[PDB]
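In: An experimental structure, sequence included, is below.
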Amino acid sequence: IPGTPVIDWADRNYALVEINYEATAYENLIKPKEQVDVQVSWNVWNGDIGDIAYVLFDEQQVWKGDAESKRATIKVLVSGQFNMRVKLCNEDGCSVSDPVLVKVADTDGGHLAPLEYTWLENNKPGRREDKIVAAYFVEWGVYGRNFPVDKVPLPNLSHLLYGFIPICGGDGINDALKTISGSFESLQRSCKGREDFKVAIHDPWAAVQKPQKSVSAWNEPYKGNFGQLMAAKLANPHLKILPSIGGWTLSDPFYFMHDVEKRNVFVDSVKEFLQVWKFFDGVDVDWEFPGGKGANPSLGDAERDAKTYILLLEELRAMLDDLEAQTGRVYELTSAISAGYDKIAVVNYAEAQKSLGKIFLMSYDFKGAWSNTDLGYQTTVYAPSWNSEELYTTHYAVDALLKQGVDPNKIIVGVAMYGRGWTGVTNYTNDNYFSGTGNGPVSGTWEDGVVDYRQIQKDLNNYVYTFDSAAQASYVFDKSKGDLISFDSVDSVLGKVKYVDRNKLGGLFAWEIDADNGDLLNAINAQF
Ligand SMILES: CC(=S)N[C@H]1[C@H](O[C@@H]2[C@H](O)[C@H]3N[C@@H](C)S[C@H]3O[C@@H]2CO)O[C@H](CO)[C@@H](O)[C@@H]1O
Ligand SMILES: CC(=O)N[C@@H]1[C@@H](O)[C@H](O)[C@@H](CO)O[C@H]1O
Ligand SMILES: CC(=O)N[C@@H]1[C@@H](O)[C@H](O)[C@@H](CO)O[C@H]1O
Ligand SMILES: CC(=O)N[C@@H]1[C@@H](O)[C@H](O)[C@@H](CO)O[C@H]1O
Ligand SMILES: [Cl-]
């Protein structure tokens, strides 16, 4: 037999998409690869080098050539781990080297181990399987909120909506980000060298760079939120993850997509974003809002956005159909819309529903601390008891879609895992505190005027709970400091379940998943 081969030592951790953990811009953050080249070299002891040389990736041939070269380069196209051996053969016999393990990494998670969700707080099995149970995961939730992916109750979720995927752009294209200090500049340095109207990542640190659970290794190819979501889909194979493009602050570049086809600069970037990051399962368009009303009041055009919103979905659906035939997968195209009738009337969803698979009806933020005069329910199914035709309700918004011809199976009702409130509510009659006028926003968890549902339960004995069984809404009041907060309790959410049940609505989605302590998500998945 030929000499025993000894594979020389080298790093055999390969990645089909390299990640530069020192970069800030998106174009220098990632390095997608056509292929990866597994290199192997060896030396020969105990005899000659043999006549022919083989390389084995499971005791099955993957390479052959000259044994004099003592080197082999193997093209690998798919991720995975395998043992590589060098097998020198000749007329006598064959010698087999000691195996080494090679790792080929890719965003499909083939190199990762399942990241199972350990049940925290009050979350308990199981999941509502015949209805859509979605939730929004915030990208910035790993900082002060301290809520990484390993805390997300994925076993009780059918969709995990990652918000938000930004659109590159400077002055005039993302002025809404200037409302938040440092948020606009973070997008500029993330789009360095990348020019406008292309998708990117707002913060590459928390997304793919920040060390987290099950992705804390020093040579970890993918960390952050993206790395955990790869391993999470293995522990939760039912789970489907969608990238949310836009949001409240990142919706400004949508208004400009009436032009030539910066849409293509958008869509073609979306098509590469989904094959670079394979753990996503479609696209979610969160244009807020078609026809103005957004974070930037300067933008808006009634029947320009109404057609642009249609053309955007038609071309995205056609682009996803190409991915479906090229990858063999199914890709979804969803969109979150406002629950305001004055805003639903702008877009004709009878035409949009043939490109959208589901519609996330944002049935919240009806009332807020932005107006001390217009006090009311932030989220509710029906009209309040003290005002029996508020048109900003979940019921009126659902019927508004139905009148247009929207299928009820495609309608997803929004659950608010938080609460907006006012402080120092004064000048009111009776014991109804919504007829009065507040004096400023209530003290909030992370932002004043908004309180997470979890903190509401902690401070529950500082308020007086009240459920409006006519409107299917809840609120709390504290006469000491005049704190009146409207939110979604277990009662109101359970009322939303039956409104979804045999009005034949698709399901429920919530914002945001980190603010729940297990009560709200369990009520969504209640089997009746
Ligand atoms: C108090 C909070 S959480 N405000 C964040 C805000 O608005 C979100 C969200 O962007 C908007 N899009 C749908 C998915 S839900 C709908 O309402 C939510 C809260 O009202 O979004 C911006 C970023 O766009 C955050 O900076 C705010 O903290
Ligand atoms: C970046 C890295 O992890 N490099 C190598 C790895 O390829 C190898 O599998 C391991 C043990 O052989 O030793 C590491 O130093
Ligand atoms: C990307 C991921 O994590 N898992 C996908 C899965 O969603 C898909 O159904 C399947 C079909 O090819 O391919 C896997 O790689
Ligand atoms: C400064 C501020 O809080 N603005 C809020 C925003 O947070 C919220 O997402 C949106 C809902 O439509 O309503 C705006 O008025
Ligand atoms: Cl390579």
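Out: Thanks, I have the structure now. Numbers count the residues shown, from 1 in each chain. Ligands and ions are numbered 1, 2, ... in the order given.
In: Do a quick rundown of the strands in the stretch 251-400 of the chain.
Out: Along the stretch 251-400 of the chain, counting by DSSP state E, counting those that start in this stretch, strands occupy 282-286, 332-338, 358-362.
In: er, the stretch 401-528 of the chain actually
Out: Using DSSP E, counting those that start in this stretch, the strands of the stretch 401-528 of the chain run over 411-416, 418-422, 450-452, 464-468, 473-478, 483-487, 507-511.
In: Out of these, the one nearest residue 221 is which?
Out: Minimum separation from residue 221 across the strands of the stretch 401-528 of the chain (CB to CB) falls at strand 507-511, 30.7 Å. Every C-beta, even on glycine, is put in place using the N, C-alpha and C of the backbone.
In: mind putting the strands of the stretch 251-400 of the chain in CSV, distance to ligand 5 and mean neighbour count included?
Out: Shown next, in CSV, are these (distance: least, CB to the ion, whole Å; neighbours: other CB atoms under 10 Å):
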stretch, distance to ligand 5, mean neighbour count
strand 282-286, 29, 25
strand 332-338, 32, 24
strand 358-362, 39, 24
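In: would you turn those into TSV with distance to residue 48?
Out: Listed next are the strands of the stretch 251-400 of the chain as TSV, based on distance: least, CB to CB, whole Å:
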stretch	distance to residue 48
strand 282-286	57
strand 332-338	59
strand 358-362	66
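In: what would the ones you listed look like in TSV with distance to ligand 1?
Out: Output for the strands of the stretch 251-400 of the chain, formatted as TSV (distance: least, CB to the nearest ligand atom, whole Å):
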stretch	distance to ligand 1
strand 282-286	5
strand 332-338	5
strand 358-362	5
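In: was I right about residue 526 contacting residue 496?
Out: No - taking CB atoms under 8 Å as the definition, residue 526 is not a contact partner of residue 496, at 10.5 Å.
In: Of these two, which one has the most company?
Out: The residue with more neighbours, out of residue 526 and residue 496, is residue 496; 25 against 12, by other CB atoms under 10 Å.
In: what residues are up against that one?
Out: For residue 496, the contact set (CB atoms under 8 Å, 6 or more residues apart in numbering) comprises 381, 394, 413, 415, 472, 488, 508.
In: okay, among those residues, which ones form the most distant pair?
Out: Taking CB to CB, no two of the contacts of residue 496 sit farther apart than 472 and 508, at 13.3 Å.
In: Neighbour count for these two, which is higher?
Out: residue 508 (28 against 24).
In: Go ahead and confirm that one touches residue 524.
Out: Yes - look at residue 508 against residue 524 with CB under 8 Å: they come within range, at 4.8 Å.
In: quick one: common contacting residues for those two?
Out: The contact lists of residue 508 and residue 524 share 133, 415, 493, 497, where a contact means CB under 8 Å, 6+ apart.
In: out of the residues you listed, what pair is the most spread apart?
Out: Greatest spatial distance in the shared contacts of residue 508 and residue 524: 133 and 493, 11.7 Å, computed using CB to CB.
In: which residues does the residue positioned nearest the centre of the chain form a beta bridge with?
Out: By CA atoms, centre = their mean, the chain has its centre lying nearest to residue 162, at 1.0 Å. Here residue 162 sits in beta bridges with residue 137, residue 243, as judged by DSSP bridges.
In: mind listing what it touches?
Out: Taking CB under 8 Å, 6+ apart, one finds 137, 139, 225, 229, 241, 242, 243, 244, 280 in contact with residue 162.
In: For residue 528, see how far away the third one is.
Out: From residue 225 across to residue 528, the span is 34 Å (CB to CB, to the nearest Å).
In: who in the protein is up against ligand 4?
Out: Contact residues, the chain versus ligand 4 (CB under 6 Å from any ligand atom): 248, 365, 368, 370.
In: Could you find the closest non-adjacent residue to the second one?
Out: Spelled out, that is residue 365. Nearest non-adjacent residue to residue 365, counting by CB to CB, 6 or more residues apart in numbering: residue 378, 6.3 Å away.
In: need the contact list for that neighbour.
Out: 364, 365, 366, 367, 368, 416, 419, 420, 486, 487.
In: Need phi/psi at the fourth one.
Out: In this entry, residue 367 is assigned phi and psi values of phi -130, psi 150 (degrees, to the nearest 10).
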